[PDB]
$ cat coords24.pdb   # PDB, C-alpha atoms
ATOM      1  CA  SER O1065      -6.862   5.188  11.779
ATOM      2  CA  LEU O1066      -9.018   2.057  12.003
ATOM      3  CA  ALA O1067      -9.191   2.072  15.816
ATOM      4  CA  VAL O1068     -10.753   5.542  16.059
ATOM      5  CA  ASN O1069     -14.051   3.684  15.577
ATOM      6  CA  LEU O1070     -13.217   1.359  18.500
ATOM      7  CA  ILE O1071     -11.129   3.166  21.149
ATOM      8  CA  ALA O1072     -10.311   6.794  21.946
ATOM      9  CA  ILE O1073      -7.101   7.461  20.025
ATOM     10  CA  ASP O1074      -5.593  10.820  20.968
ATOM     11  CA  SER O1075      -5.902  13.169  17.988
ATOM     12  CA  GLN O1076      -3.069  15.436  19.146
ATOM     13  CA  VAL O1077      -0.630  12.521  19.376
ATOM     14  CA  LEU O1078      -1.829  10.942  16.124
ATOM     15  CA  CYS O1079      -1.500  14.184  14.165
ATOM     16  CA  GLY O1080       1.710  14.916  16.054
ATOM     17  CA  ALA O1081       3.091  11.714  14.560
ATOM     18  CA  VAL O1082       1.765  12.849  11.172
ATOM     19  CA  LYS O1083       3.412  16.264  11.522
ATOM     20  CA  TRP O1084       6.635  14.553  12.615
ATOM     21  CA  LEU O1085       6.563  12.312   9.530
ATOM     22  CA  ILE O1086       5.895  15.250   7.197
ATOM     23  CA  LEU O1087       8.519  17.631   8.586
ATOM     24  CA  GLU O1088      11.257  15.283   9.814
ATOM     25  CA  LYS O1089      10.958  12.126   7.692
ATOM     26  CA  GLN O1090      10.021  13.387   4.211
ATOM     27  CA  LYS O1091      12.500  14.554   1.595
ATOM     28  CA  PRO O1092      11.573  17.745  -0.309
ATOM     29  CA  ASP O1093      10.923  15.747  -3.504
ATOM     30  CA  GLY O1094       8.360  13.468  -1.823
ATOM     31  CA  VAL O1095      10.416  10.379  -0.953
ATOM     32  CA  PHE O1096       9.954   9.044   2.569
ATOM     33  CA  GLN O1097      13.157   7.763   4.176
ATOM     34  CA  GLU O1098      13.472   5.278   7.034
ATOM     35  CA  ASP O1099      16.377   5.919   9.408
ATOM     36  CA  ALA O1100      15.885   2.920  11.725
ATOM     37  CA  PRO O1101      14.309  -0.294  10.389
ATOM     38  CA  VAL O1102      12.432  -2.392  12.924
ATOM     39  CA  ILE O1103      14.246  -5.099  14.866
ATOM     40  CA  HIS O1104      11.862  -7.859  13.745
ATOM     41  CA  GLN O1105      12.542  -7.884  10.001
ATOM     42  CA  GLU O1106       9.872 -10.552   9.414
ATOM     43  CA  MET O1107       6.917  -8.309  10.304
ATOM     44  CA  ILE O1108       7.410  -6.007   7.283
ATOM     45  CA  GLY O1109       6.555  -8.704   4.734
ATOM     46  CA  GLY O1110       7.352  -7.902   1.112
ATOM     47  CA  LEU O1111       9.026  -4.610   2.043
ATOM     48  CA  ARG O1112      12.023  -6.630   3.263
ATOM     49  CA  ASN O1113      13.002  -7.031  -0.407
ATOM     50  CA  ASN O1114      15.434  -4.215  -1.207
ATOM     51  CA  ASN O1115      14.665  -4.147  -4.942
ATOM     52  CA  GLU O1116      12.579  -1.035  -5.688
ATOM     53  CA  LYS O1117      12.506  -0.367  -1.944
ATOM     54  CA  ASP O1118      12.327   3.437  -2.153
ATOM     55  CA  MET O1119       9.179   3.389  -4.299
ATOM     56  CA  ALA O1120       7.428   0.780  -2.140
ATOM     57  CA  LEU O1121       8.213   2.486   1.179
ATOM     58  CA  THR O1122       6.961   5.808  -0.203
ATOM     59  CA  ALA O1123       3.641   4.281  -1.287
ATOM     60  CA  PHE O1124       3.144   2.524   2.065
ATOM     61  CA  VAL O1125       3.435   5.762   4.049
ATOM     62  CA  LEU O1126       1.400   7.704   1.479
ATOM     63  CA  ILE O1127      -1.456   5.218   1.909
ATOM     64  CA  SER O1128      -1.185   5.515   5.698
ATOM     65  CA  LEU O1129      -1.308   9.322   5.593
ATOM     66  CA  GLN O1130      -4.224   9.391   3.142
ATOM     67  CA  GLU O1131      -6.202   7.046   5.404
ATOM     68  CA  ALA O1132      -5.617   9.460   8.308
ATOM     69  CA  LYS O1133      -6.248  12.561   6.181
ATOM     70  CA  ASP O1134      -9.731  13.274   7.546
ATOM     71  CA  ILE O1135      -8.569  13.496  11.163
ATOM     72  CA  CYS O1136      -5.428  15.598  10.648
ATOM     73  CA  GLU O1137      -6.548  17.703   7.681
ATOM     74  CA  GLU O1138      -7.506  20.498  10.080
ATOM     75  CA  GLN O1139      -4.552  19.840  12.403
ATOM     76  CA  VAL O1140      -1.856  19.964   9.684
ATOM     77  CA  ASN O1141      -2.481  22.304   6.753
ATOM     78  CA  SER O1142       0.577  21.039   4.829
ATOM     79  CA  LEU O1143      -0.826  17.504   4.507
ATOM     80  CA  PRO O1144      -2.318  17.895   0.978
ATOM     81  CA  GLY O1145       0.874  19.501  -0.319
ATOM     82  CA  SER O1146       2.927  16.644   1.121
ATOM     83  CA  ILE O1147       0.699  14.090  -0.624
ATOM     84  CA  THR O1148       1.031  15.975  -3.921
ATOM     85  CA  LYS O1149       4.837  15.789  -3.842
ATOM     86  CA  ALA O1150       4.765  12.059  -3.076
ATOM     87  CA  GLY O1151       2.239  11.438  -5.850
ATOM     88  CA  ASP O1152       4.315  13.192  -8.512
ATOM     89  CA  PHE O1153       7.368  11.106  -7.589
ATOM     90  CA  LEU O1154       5.442   7.825  -7.799
ATOM     91  CA  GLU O1155       3.673   8.821 -11.024
ATOM     92  CA  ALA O1156       6.883   9.782 -12.838
ATOM     93  CA  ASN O1157       8.701   6.519 -12.012
ATOM     94  CA  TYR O1158       5.662   4.215 -12.129
ATOM     95  CA  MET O1159       6.333   2.742 -15.580
ATOM     96  CA  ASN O1160       9.816   1.544 -14.550
ATOM     97  CA  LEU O1161       8.477  -0.841 -11.892
ATOM     98  CA  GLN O1162       8.933  -4.595 -12.341
ATOM     99  CA  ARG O1163       7.716  -6.324  -9.170
ATOM    100  CA  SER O1164       4.020  -7.157  -8.996
ATOM    101  CA  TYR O1165       4.141  -6.311  -5.283
ATOM    102  CA  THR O1166       5.466  -2.803  -5.959
ATOM    103  CA  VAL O1167       2.932  -2.133  -8.730
ATOM    104  CA  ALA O1168       0.033  -3.317  -6.555
ATOM    105  CA  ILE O1169       0.824  -1.133  -3.537
ATOM    106  CA  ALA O1170       1.524   1.855  -5.797
ATOM    107  CA  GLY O1171      -1.756   1.305  -7.643
ATOM    108  CA  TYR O1172      -3.837   1.732  -4.493
ATOM    109  CA  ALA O1173      -1.898   4.888  -3.601
ATOM    110  CA  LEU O1174      -2.477   6.376  -7.060
ATOM    111  CA  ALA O1175      -6.121   5.259  -7.172
ATOM    112  CA  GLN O1176      -7.009   7.283  -4.065
ATOM    113  CA  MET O1177      -5.631  10.420  -5.735
ATOM    114  CA  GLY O1178      -7.169   9.471  -9.089
ATOM    115  CA  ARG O1179      -3.905   9.192 -11.039
ATOM    116  CA  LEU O1180      -4.170   5.470 -11.908
ATOM    117  CA  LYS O1181      -5.469   5.947 -15.446
ATOM    118  CA  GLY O1182      -4.487   5.232 -19.033
ATOM    119  CA  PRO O1183      -1.148   3.447 -19.369
ATOM    120  CA  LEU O1184      -0.676   3.283 -15.593
ATOM    121  CA  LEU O1185      -4.069   1.583 -15.306
ATOM    122  CA  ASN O1186      -3.240  -0.719 -18.227
ATOM    123  CA  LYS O1187       0.021  -1.732 -16.540
ATOM    124  CA  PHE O1188      -1.877  -2.360 -13.296
ATOM    125  CA  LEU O1189      -4.374  -4.657 -15.036
ATOM    126  CA  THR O1190      -1.829  -6.555 -17.142
ATOM    127  CA  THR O1191       0.306  -7.188 -14.047
ATOM    128  CA  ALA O1192      -2.364  -9.600 -12.802
ATOM    129  CA  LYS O1193      -2.161 -13.214 -13.959
ATOM    130  CA  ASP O1194      -5.071 -15.605 -14.591
ATOM    131  CA  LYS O1195      -7.355 -12.585 -13.985
ATOM    132  CA  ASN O1196      -7.546 -13.211 -10.230
ATOM    133  CA  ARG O1197      -4.172 -12.496  -8.608
ATOM    134  CA  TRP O1198      -1.033 -10.340  -8.623
ATOM    135  CA  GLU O1199       1.770 -12.857  -8.095
ATOM    136  CA  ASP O1200       5.557 -12.650  -7.847
ATOM    137  CA  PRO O1201       8.067 -15.529  -7.921
ATOM    138  CA  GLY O1202       8.582 -16.835  -4.410
ATOM    139  CA  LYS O1203       6.466 -17.593  -1.358
ATOM    140  CA  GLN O1204       2.683 -17.394  -1.516
ATOM    141  CA  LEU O1205       2.794 -15.106   1.533
ATOM    142  CA  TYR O1206       4.048 -12.169  -0.543
ATOM    143  CA  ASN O1207       1.595 -12.809  -3.394
ATOM    144  CA  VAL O1208      -1.433 -12.714  -1.085
ATOM    145  CA  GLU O1209       0.050  -9.579   0.489
ATOM    146  CA  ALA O1210       0.345  -7.940  -2.942
ATOM    147  CA  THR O1211      -3.129  -9.086  -4.033
ATOM    148  CA  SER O1212      -4.679  -7.447  -0.957
ATOM    149  CA  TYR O1213      -3.486  -4.009  -2.092
ATOM    150  CA  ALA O1214      -4.817  -4.561  -5.621
ATOM    151  CA  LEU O1215      -8.241  -5.683  -4.381
ATOM    152  CA  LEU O1216      -8.467  -2.426  -2.427
ATOM    153  CA  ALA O1217      -7.415  -0.611  -5.609
ATOM    154  CA  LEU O1218     -10.338  -2.092  -7.557
ATOM    155  CA  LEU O1219     -12.760  -1.064  -4.804
ATOM    156  CA  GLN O1220     -11.270   2.443  -4.895
ATOM    157  CA  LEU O1221     -11.576   2.628  -8.697
ATOM    158  CA  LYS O1222     -15.174   1.318  -8.391
ATOM    159  CA  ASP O1223     -14.631  -1.280 -11.134
ATOM    160  CA  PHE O1224     -16.407  -4.417  -9.920
ATOM    161  CA  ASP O1225     -16.326  -6.536 -13.090
ATOM    162  CA  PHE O1226     -12.863  -7.808 -12.098
ATOM    163  CA  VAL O1227     -13.477  -8.094  -8.320
ATOM    164  CA  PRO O1228     -15.452 -11.390  -7.941
ATOM    165  CA  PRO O1229     -12.691 -13.573  -9.456
ATOM    166  CA  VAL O1230     -10.197 -11.892  -7.114
ATOM    167  CA  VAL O1231     -12.312 -12.475  -3.997
ATOM    168  CA  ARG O1232     -13.126 -16.018  -5.141
ATOM    169  CA  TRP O1233      -9.405 -16.742  -5.542
ATOM    170  CA  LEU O1234      -8.665 -15.447  -2.033
ATOM    171  CA  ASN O1235     -11.178 -17.823  -0.439
ATOM    172  CA  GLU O1236      -9.713 -20.714  -2.452
ATOM    173  CA  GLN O1237      -6.308 -20.005  -0.881
ATOM    174  CA  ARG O1238      -7.794 -20.678   2.588
ATOM    175  CA  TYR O1239      -5.363 -18.324   4.327
ATOM    176  CA  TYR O1240      -6.155 -17.787   8.012
ATOM    177  CA  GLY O1241      -3.374 -15.382   8.981
ATOM    178  CA  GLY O1242      -0.794 -15.780  11.697
ATOM    179  CA  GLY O1243       2.619 -17.396  11.448
ATOM    180  CA  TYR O1244       6.253 -16.348  11.405
ATOM    181  CA  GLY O1245       6.472 -13.211   9.282
ATOM    182  CA  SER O1246       2.720 -12.794   8.779
ATOM    183  CA  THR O1247       2.147  -9.293  10.199
ATOM    184  CA  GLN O1248       1.541  -7.436   6.932
ATOM    185  CA  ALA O1249      -0.090 -10.364   5.120
ATOM    186  CA  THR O1250      -2.643 -11.041   7.874
ATOM    187  CA  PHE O1251      -3.554  -7.392   8.471
ATOM    188  CA  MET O1252      -4.147  -6.312   4.872
ATOM    189  CA  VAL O1253      -6.066  -9.382   3.669
ATOM    190  CA  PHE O1254      -8.923  -8.950   6.159
ATOM    191  CA  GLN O1255      -9.044  -5.204   5.497
ATOM    192  CA  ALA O1256      -9.680  -5.999   1.826
TER
END

$ encode --input "coords24.pdb" --output "structure tokens"
Amino acid sequence: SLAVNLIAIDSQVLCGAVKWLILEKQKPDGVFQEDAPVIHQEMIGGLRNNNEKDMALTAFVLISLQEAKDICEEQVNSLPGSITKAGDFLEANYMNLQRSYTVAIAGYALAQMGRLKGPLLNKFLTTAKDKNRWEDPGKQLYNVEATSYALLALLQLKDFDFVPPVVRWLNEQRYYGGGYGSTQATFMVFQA
């Protein structure tokens, strides 16, 4: 979805993968299910953690489909209905989340649809600590990965009073990507 501005990605194949994900790899209630995890388990980052895995995997694919919505909106007419089912599932079980990583990635998915409001928005804000990061206990690699999703959520919500401390904290980390198990952390931080 990012490389359509750089190289000629085939629209039929791209939307064919979207149609395959909607029809084959989506449960009727909105949950996306993976039937073959990748061999390299270090490239998935924080999604390797099996706690609250079903909610996090659903939000990851929902974000990917919404970013490719403009290209395959005309190709697949069931794309908005698929997003609606996934949004209702995430919205109903949003308040039960505990991990800061899961809340951050779900916040950006809900913010694109416009459902991150009220108590869901209050939970998203209070999840941050020191008003500049969304951190979980463990390696810094996962915390920067989670913070990248939340920074994109603030830009989606168009609330910039809280953004400068977040961006200032990211530069203070001096993270330059790369390294064993850095695929998701390196890719999302520079997108933000």

$ atom_distance --input "coords24.pdb" --atom1 "CA of residue 1173 in chain O" --atom2 "CA of residue 1203 in chain O"
24.1 Å

$ atom_distance --input "coords24.pdb" --atom1 "CA of residue 1171 in chain O" --atom2 "CA of residue 1236 in chain O"
24.0 Å

$ axis_aligned_box --input "coords24.pdb" --around "range 1065-1080 of chain O" --padding-each-side "5 Å" --output "JSON"
{"center_x": -6.2, "center_y": 8.4, "center_z": 16.9, "size_x": 25.8, "size_y": 24.1, "size_z": 20.2}

$ resolve_selection --input "coords24.pdb" --expression "the PyMOL selection byres ((chain O and resi 1126) around 12)" --output "ChimeraX atom specification"
/O:1082,1085-1086,1090,1094-1096,1119-1125,1127-1133,1143-1154,1169-1177

$ resolve_selection --input "coords24.pdb" --expression "the PyMOL selection byres ((chain O and resi 1072-1080) around 10)" --output "VMD selection string"
chain O and resid 1065 to 1071 1081 to 1086 1129 1132 to 1133 1135 to 1140

$ atom_distance --input "coords24.pdb" --atom1 "CA of residue 1209 in chain O" --atom2 "CA of residue 1106 in chain O"
13.3 Å

$ residues_around --input "coords24.pdb" --residues "residue 1207 in chain O" --least-positions-apart "4" --cutoff "8 Å" --atoms "all atoms listed in the file" --output "compact mmCIF listing (two decimals) with C-alpha atoms, in the coordinates of the input"
# COMPACT_ATOMS: atom_id res chain seq x y z
CA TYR O 1165 4.14 -6.31 -5.28
CA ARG O 1197 -4.17 -12.50 -8.61
CA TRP O 1198 -1.03 -10.34 -8.62
CA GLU O 1199 1.77 -12.86 -8.10
CA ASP O 1200 5.56 -12.65 -7.85
CA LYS O 1203 6.47 -17.59 -1.36
CA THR O 1211 -3.13 -9.09 -4.03

$ closest_residue --input "coords24.pdb" --among "O:1186, O:1108, O:1228, O:1223" --to "residue 1244 in chain O" --atoms "all atoms listed in the file"
O:1108

$ resolve_selection --input "coords24.pdb" --expression "the PyMOL selection byres ((chain O and resi 1212) around 6)" --output "PyMOL selection string"
chain O and resi 1209-1211+1213-1215+1252-1253+1256

$ write_last_selection --input "coords24.pdb" --atoms "C-alpha atoms" --output "PDB file, in the coordinates of the input"
ATOM      1  CA  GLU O1209       0.050  -9.579   0.489  1.00  0.00           C
ATOM      2  CA  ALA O1210       0.345  -7.940  -2.942  1.00  0.00           C
ATOM      3  CA  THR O1211      -3.129  -9.086  -4.033  1.00  0.00           C
ATOM      4  CA  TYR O1213      -3.486  -4.009  -2.092  1.00  0.00           C
ATOM      5  CA  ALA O1214      -4.817  -4.561  -5.621  1.00  0.00           C
ATOM      6  CA  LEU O1215      -8.241  -5.683  -4.381  1.00  0.00           C
ATOM      7  CA  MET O1252      -4.147  -6.312   4.872  1.00  0.00           C
ATOM      8  CA  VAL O1253      -6.066  -9.382   3.669  1.00  0.00           C
ATOM      9  CA  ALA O1256      -9.680  -5.999   1.826  1.00  0.00           C
TER      10      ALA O1256
END

$ residues_around --input "coords24.pdb" --residues "residue 1196 in chain O" --least-positions-apart "3" --cutoff "8 Å" --atoms "all atoms listed in the file" --output "MDAnalysis selection string"
chainID O and resid 1192:1193 1226 1229:1231 1233

$ closest_residue --input "coords24.pdb" --among "O:1224, O:1158, O:1188, O:1239" --to "residue 1205 in chain O" --atoms "only C-alpha atoms"
O:1239

$ build_atoms --input "coords24.pdb" --residues "range 1125-1146 of chain O" --atoms "N, CA, C and O atoms" --output "CSV table (one decimal), keeping the file's coordinate frame"
chain,number,residue,atom,x,y,z
O,1125,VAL,N,3.7,4.6,3.2
O,1125,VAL,CA,3.4,5.8,4.0
O,1125,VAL,C,2.4,6.7,3.5
O,1125,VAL,O,1.5,7.2,4.2
O,1126,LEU,N,2.4,6.9,2.1
O,1126,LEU,CA,1.4,7.7,1.5
O,1126,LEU,C,0.0,7.2,1.7
O,1126,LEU,O,-1.0,7.9,1.9
O,1127,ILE,N,-0.2,5.8,1.6
O,1127,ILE,CA,-1.5,5.2,1.9
O,1127,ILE,C,-1.8,5.4,3.4
O,1127,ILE,O,-3.0,5.7,3.7
O,1128,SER,N,-0.9,5.3,4.3
O,1128,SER,CA,-1.2,5.5,5.7
O,1128,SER,C,-1.6,6.9,6.0
O,1128,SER,O,-2.5,7.2,6.8
O,1129,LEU,N,-1.0,7.9,5.4
O,1129,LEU,CA,-1.3,9.3,5.6
O,1129,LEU,C,-2.7,9.7,5.0
O,1129,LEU,O,-3.4,10.4,5.5
O,1130,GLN,N,-2.9,9.1,3.8
O,1130,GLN,CA,-4.2,9.4,3.1
O,1130,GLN,C,-5.4,8.8,3.9
O,1130,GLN,O,-6.5,9.3,3.9
O,1131,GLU,N,-5.1,7.6,4.6
O,1131,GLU,CA,-6.2,7.0,5.4
O,1131,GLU,C,-6.5,7.9,6.7
O,1131,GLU,O,-7.6,7.8,7.2
O,1132,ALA,N,-5.5,8.6,7.2
O,1132,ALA,CA,-5.6,9.5,8.3
O,1132,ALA,C,-5.8,10.9,7.9
O,1132,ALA,O,-5.5,11.8,8.7
O,1133,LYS,N,-6.1,11.2,6.6
O,1133,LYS,CA,-6.2,12.6,6.2
O,1133,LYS,C,-7.4,13.3,6.8
O,1133,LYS,O,-7.3,14.5,7.2
O,1134,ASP,N,-8.5,12.6,7.0
O,1134,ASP,CA,-9.7,13.3,7.5
O,1134,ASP,C,-9.5,13.8,9.0
O,1134,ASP,O,-10.1,14.8,9.3
O,1135,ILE,N,-8.7,13.1,9.8
O,1135,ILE,CA,-8.6,13.5,11.2
O,1135,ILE,C,-7.6,14.7,11.3
O,1135,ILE,O,-7.8,15.6,12.0
O,1136,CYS,N,-6.5,14.6,10.5
O,1136,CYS,CA,-5.4,15.6,10.6
O,1136,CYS,C,-5.4,16.6,9.5
O,1136,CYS,O,-4.4,17.2,9.3
O,1137,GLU,N,-6.5,16.7,8.7
O,1137,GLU,CA,-6.5,17.7,7.7
O,1137,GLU,C,-6.6,19.1,8.3
O,1137,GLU,O,-5.9,20.0,7.9
O,1138,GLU,N,-7.4,19.2,9.4
O,1138,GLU,CA,-7.5,20.5,10.1
O,1138,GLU,C,-6.3,20.7,11.0
O,1138,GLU,O,-5.9,21.9,11.2
O,1139,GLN,N,-5.7,19.7,11.5
O,1139,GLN,CA,-4.6,19.8,12.4
O,1139,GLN,C,-3.3,20.2,11.7
O,1139,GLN,O,-2.5,21.0,12.2
O,1140,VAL,N,-3.0,19.7,10.5
O,1140,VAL,CA,-1.9,20.0,9.7
O,1140,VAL,C,-2.3,20.5,8.3
O,1140,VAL,O,-2.9,19.7,7.6
O,1141,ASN,N,-2.0,21.7,8.0
O,1141,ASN,CA,-2.5,22.3,6.8
O,1141,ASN,C,-1.6,22.0,5.6
O,1141,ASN,O,-1.9,22.2,4.4
O,1142,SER,N,-0.4,21.4,5.9
O,1142,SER,CA,0.6,21.0,4.8
O,1142,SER,C,0.4,19.6,4.4
O,1142,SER,O,1.3,19.1,3.7
O,1143,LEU,N,-0.6,18.9,4.9
O,1143,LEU,CA,-0.8,17.5,4.5
O,1143,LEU,C,-1.1,17.3,3.0
O,1143,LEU,O,-0.5,16.4,2.4
O,1144,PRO,N,-2.1,18.1,2.4
O,1144,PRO,CA,-2.3,17.9,1.0
O,1144,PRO,C,-1.1,18.2,0.1
O,1144,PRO,O,-0.9,17.5,-0.9
O,1145,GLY,N,-0.3,19.2,0.4
O,1145,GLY,CA,0.9,19.5,-0.3
O,1145,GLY,C,1.9,18.4,-0.2
O,1145,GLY,O,2.6,18.1,-1.2
O,1146,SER,N,2.0,17.8,1.0
O,1146,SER,CA,2.9,16.6,1.1
O,1146,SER,C,2.5,15.5,0.3
O,1146,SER,O,3.3,14.8,-0.3
